[PDB]
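Everything on this sheet refers to the single structure shown next.
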Amino acid sequence: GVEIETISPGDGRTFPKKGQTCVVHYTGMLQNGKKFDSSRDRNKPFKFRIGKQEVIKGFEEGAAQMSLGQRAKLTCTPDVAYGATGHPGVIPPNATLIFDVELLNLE
Amino acid sequence: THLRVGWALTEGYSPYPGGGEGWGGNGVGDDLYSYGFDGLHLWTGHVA
Numbered sequence: 001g002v003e004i005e006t007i008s009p010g011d012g013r014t015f016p017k018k019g020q021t022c023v024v025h026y027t028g029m030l031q032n033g034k035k036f037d038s039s040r041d042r043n044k045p046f047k048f049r050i051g052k053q054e055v056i057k058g059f060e061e062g063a064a065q066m067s068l069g070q071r072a073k074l075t076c077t078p079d080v081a082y083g084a085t086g087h088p089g090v091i092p093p094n095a096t097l098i099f100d101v102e103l104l105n106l107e
Numbered sequence: 108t109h110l111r112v113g114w115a116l117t118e119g120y121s122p123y124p125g126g127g128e129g130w131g132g133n134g135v136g137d138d139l140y141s142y143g144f145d146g147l148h149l150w151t152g153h154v155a
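Respectively, the protein sequence lines represent chains A and B. Under the numbering used here, the first residue of the first sequence is numbered 1, with each subsequent residue one higher. Under the numbering used here, the first residue of the second sequence is numbered 108, with each subsequent residue one higher.
Here is the structure:
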């Protein structure tokens, strides 16, 4: 279950075309308030192509719902993202995730 | 970047730039004595 709440407005018409890389900035944190990753800390825009299973399926679906130049807070159901066993030492098992993604560029 | 608008008490609200409470950077909405919101969501008692 993904809930794409809009942190800020972004051009509604633009939407991620299928089979295209999406340049994003994301700051993922746990439900209780612990922050585990921040793309801004890496100082590089994370790149991923839609239609592949490289990223979490919930994250890809939320990015598909997202629009260019628009930031949103979206929550990923633990069953979707690392349900049975989480990423070792990063996400505990059966724990929900919260993201904050900006779709700066699509090229 | 952080920007809150709201009101506060004269005694309970004591911002000390530093650790504060929770994750740090406590603003007007973080203090339970004070009341304020930032854009989409309101802030009371350091919870959104």
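Quick reminder that beta carbons are idealized off the backbone N, C-alpha and C, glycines included.
Nearest to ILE98 (chain A) by C-alpha distance, out of A:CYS22, A:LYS44, A:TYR26 and A:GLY69, is A:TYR26. From the beta-carbon of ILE56 (chain A), no residue of chain B is found nearer than 8 Å; the closest lies around 24 Å away. For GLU5 (chain A), the enclosing beta strand (DSSP E) stretches over residues 5-8. Judged by DSSP secondary structure, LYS17 (chain A) falls outside any beta strand (DSSP E); it is assigned neither H nor E. Residues of the same chain with a CB within less than 8 Å of the CB of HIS109 (chain B), apart from the 5 flanking positions on each side, are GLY132, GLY134 and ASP145 in chain order.
For the segment 31-44 of chain A, the set of positions with a beta-carbon nearer than 7 Å to some beta-carbon of chain B reads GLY33 in chain order. Cβ neighbours of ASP137 (chain B) within its own chain (closer than 6 Å, five residues either side excluded): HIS153. The beta-carbon separation of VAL101 (chain A) and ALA63 (chain A), rounded to 6 Å, stays under the 8 Å limit for a contact. Considering only beta carbons, the part of the segment 124-135 of chain B lying closer than 9 Å to chain A consists of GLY129 and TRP130, in chain order. Among the residues of chain B, none has a CB under 7 Å from the CB of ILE98 (chain A); the nearest is roughly 11 Å distant.
Under a criterion of Cβ atoms nearer than 8 Å, no residue of chain A is adjacent to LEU116 (chain B); the nearest Cβ is some 25 Å distant.
For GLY33 (chain A) and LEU74 (chain A), the gap between their C-alpha atoms comes out near 14 Å.
Residue pairing for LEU147 (chain B): DSSP places it in no beta bridge.
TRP130 (chain B) counts as exposed, since fewer than 16 other beta carbons sit within 10 angstroms of its beta carbon.
In this structure, the alpha-carbon of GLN70 (chain A) lies about 19 Å from that of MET29 (chain A). Using beta-carbon distances, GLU102 (chain A) does not count as an interface residue toward chain B, since no partner is under 9 Å.
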